[PDB]
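Peer 1: Contents of entry15.cif (mmCIF, C-alpha atoms) are below:
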```
data_entry
#
loop_
_atom_site.label_atom_id
_atom_site.label_comp_id
_atom_site.auth_asym_id
_atom_site.auth_seq_id
_atom_site.Cartn_x
_atom_site.Cartn_y
_atom_site.Cartn_z
CA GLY A 1 0.00 0.00 0.00
CA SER A 2 1.13 3.52 -0.85
CA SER A 3 2.96 5.36 1.93
CA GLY A 4 0.17 7.88 2.47
CA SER A 5 -0.46 10.80 0.12
CA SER A 6 -1.48 13.86 2.13
CA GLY A 7 -2.34 17.48 1.39
CA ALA A 8 -3.40 20.63 3.23
CA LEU A 9 -2.90 24.38 3.58
CA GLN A 10 -4.04 27.57 5.32
CA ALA A 11 -6.21 29.71 3.04
CA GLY A 12 -8.69 31.74 5.05
CA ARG A 13 -7.71 32.66 8.60
CA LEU A 14 -11.23 33.36 9.88
CA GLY A 15 -13.27 32.54 12.97
CA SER A 16 -13.16 33.56 16.63
CA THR A 17 -12.03 30.42 18.46
CA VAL A 18 -8.54 30.79 19.92
CA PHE A 19 -5.98 28.13 20.81
CA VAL A 20 -4.23 28.71 24.14
CA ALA A 21 -1.05 26.84 25.08
CA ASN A 22 1.59 26.90 27.82
CA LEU A 23 -0.95 27.43 30.61
CA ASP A 24 -0.54 26.83 34.34
CA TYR A 25 -2.05 23.64 35.75
CA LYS A 26 -3.83 25.72 38.39
CA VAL A 27 -5.40 27.77 35.59
CA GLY A 28 -8.88 26.38 35.03
CA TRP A 29 -11.68 27.01 32.54
CA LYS A 30 -13.03 29.36 35.21
CA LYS A 31 -10.09 31.74 35.55
CA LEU A 32 -9.15 31.43 31.88
CA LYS A 33 -12.67 32.35 30.76
CA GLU A 34 -13.06 35.09 33.38
CA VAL A 35 -9.80 36.59 32.13
CA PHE A 36 -10.69 36.42 28.43
CA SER A 37 -13.93 38.12 29.46
CA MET A 38 -11.98 41.35 28.95
CA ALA A 39 -11.72 41.24 25.15
CA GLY A 40 -15.39 40.29 25.11
CA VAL A 41 -17.98 37.64 25.94
CA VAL A 42 -16.75 34.04 25.86
CA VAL A 43 -19.41 32.03 24.04
CA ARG A 44 -17.63 28.76 24.83
CA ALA A 45 -14.81 28.26 27.33
CA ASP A 46 -13.08 24.97 28.13
CA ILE A 47 -9.69 23.33 28.69
CA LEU A 48 -7.96 20.63 26.64
CA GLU A 49 -6.97 17.40 28.38
CA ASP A 50 -4.95 14.33 27.40
CA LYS A 51 -5.22 10.58 27.95
CA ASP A 52 -3.93 10.99 31.50
CA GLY A 53 -6.63 13.59 32.06
CA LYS A 54 -4.46 16.35 33.51
CA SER A 55 -4.48 19.51 31.39
CA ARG A 56 -1.36 19.75 29.24
CA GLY A 57 -1.31 23.52 29.60
CA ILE A 58 -3.62 23.99 26.63
CA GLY A 59 -7.06 25.59 26.58
CA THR A 60 -9.71 26.85 24.17
CA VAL A 61 -11.73 30.07 24.16
CA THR A 62 -14.57 31.11 21.85
CA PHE A 63 -15.76 34.72 21.71
CA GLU A 64 -18.89 36.17 20.12
CA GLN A 65 -17.45 38.51 17.49
CA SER A 66 -14.12 38.25 15.67
CA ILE A 67 -13.21 41.73 16.91
CA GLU A 68 -13.34 40.62 20.55
CA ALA A 69 -11.44 37.42 19.76
CA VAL A 70 -8.61 39.36 18.14
CA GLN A 71 -8.27 41.77 21.06
CA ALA A 72 -7.82 38.88 23.49
CA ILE A 73 -5.27 37.07 21.33
CA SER A 74 -3.20 40.26 21.46
CA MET A 75 -3.83 41.51 24.99
CA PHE A 76 -3.04 37.90 25.92
CA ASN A 77 -0.29 37.36 23.35
CA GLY A 78 2.89 37.07 25.39
CA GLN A 79 0.98 37.83 28.58
CA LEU A 80 2.78 36.66 31.72
CA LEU A 81 0.21 34.70 33.72
CA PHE A 82 1.27 33.13 37.02
CA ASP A 83 4.93 33.72 36.16
CA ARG A 84 4.32 31.89 32.88
CA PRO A 85 3.89 33.26 29.34
CA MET A 86 0.70 32.26 27.52
CA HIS A 87 0.36 31.45 23.82
CA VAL A 88 -2.86 32.70 22.23
CA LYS A 89 -3.05 31.87 18.52
CA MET A 90 -6.04 31.96 16.17
CA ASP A 91 -7.70 28.55 15.86
CA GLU A 92 -7.12 26.48 12.73
CA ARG A 93 -10.55 24.99 12.02
CA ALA A 94 -12.41 28.01 10.66
CA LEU A 95 -16.01 26.77 10.62
CA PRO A 96 -18.51 28.84 8.60
CA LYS A 97 -21.62 30.57 9.95
CA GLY A 98 -24.21 29.48 7.40
CA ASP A 99 -24.07 32.99 5.96
CA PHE A 100 -23.43 33.31 2.23
CA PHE A 101 -25.48 34.12 -0.88
CA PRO A 102 -24.68 34.28 -4.62
CA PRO A 103 -24.58 37.63 -6.45
CA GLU A 104 -28.04 37.84 -8.01
CA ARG A 105 -29.35 41.24 -9.13
CA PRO A 106 -32.35 42.06 -11.37
CA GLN A 107 -30.65 43.52 -14.44
CA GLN A 108 -31.88 42.96 -18.00
CA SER A 109 -31.21 45.11 -21.06
CA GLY A 110 -30.24 44.55 -24.68
CA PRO A 111 -32.60 45.75 -27.43
CA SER A 112 -31.13 43.87 -30.39
CA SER A 113 -33.05 41.72 -32.87
CA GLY A 114 -32.67 41.55 -36.63
#
```
Mind turning this structure into structure tokens?
Peer 2:
Amino acid sequence: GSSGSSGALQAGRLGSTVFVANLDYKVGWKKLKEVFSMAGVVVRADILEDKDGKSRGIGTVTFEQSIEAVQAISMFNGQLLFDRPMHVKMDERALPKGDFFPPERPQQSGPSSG
């Protein structure tokens, strides 16, 4: 069987979700969320765990509007929390919002007929 042909790329950095890494064990979804509350309202706040169960210093925060999300990422980008720098980067999976329509406008004109 073939090795394993793969393919991917990053074309469209959209969304609000933010990936947080290098967090303190003590830091819980509570504090994390409460903190991110600054940039804006956290629609969904939770922490990422591994097989063992203990958080690997990685969390996830979801704001309401992109604007708010961005602010946090920055205001938190390189922020020293509990004597430990946090890593807030824009999420990868940019899920849509069921909002998109094709360009359809009522325009008809062309008086030409032999």
Peer 1: Which residue, A:28, A:7, A:78, A:12, has the smallest gap to residue 54 of chain A when you use only C-alpha atoms?
Peer 2: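 Among the listed residues, A:28 lies closest to residue 54 of chain A.
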Peer 1: Care to translate the PyMOL selection byres ((chain A and resi 38) around 12) into actual residues of this file, as an MDAnalysis selection string?
Peer 2: chainID A and resid 31:37 39:42 63 68:76
Peer 1: Which residue out of A:21, A:86, A:14, A:95 has the minimum interatomic distance to residue 58 of chain A when only C-alpha atoms are used?
Peer 2: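 Using only C-alpha atoms, residue 58 of chain A sits closest to A:21.
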Peer 1: Evaluate the PyMOL selection byres ((chain A and resi 96) around 12) here and jot the selected residues down as a VMD selection string.
Peer 2: chain A and resid 12 to 17 93 to 95 97 to 100
Peer 1: In terms of the shortest atom-to-atom distance over all atoms listed in the file, which of A:113, A:55, A:66, A:22 is closest to residue 82 of chain A?
Peer 2: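 With all atoms listed in the file as the atom set, the closest residue is A:22.
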Peer 1: Using the file's own x, y and z axes, so that the box edges lie along x, y and z, what centre and edge lengths in Å (one decimal) does a box around every listed atom of segment 90-103 of chain A get when 5 Å is added on each side? Give it as AutoDock Vina command-line options.
Peer 2:
```
--center_x -15.8 --center_y 31.3 --center_z 4.9 --size_x 29.4 --size_y 22.6 --size_z 32.6
```
Peer 1: So what do you get for atom CA of residue 89 of chain A versus atom CA of residue 20 of chain A, distance-wise?
Peer 2: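 Taking atom CA of residue 89 of chain A as the start and atom CA of residue 20 of chain A as the end point, the length is 6.6 Å.
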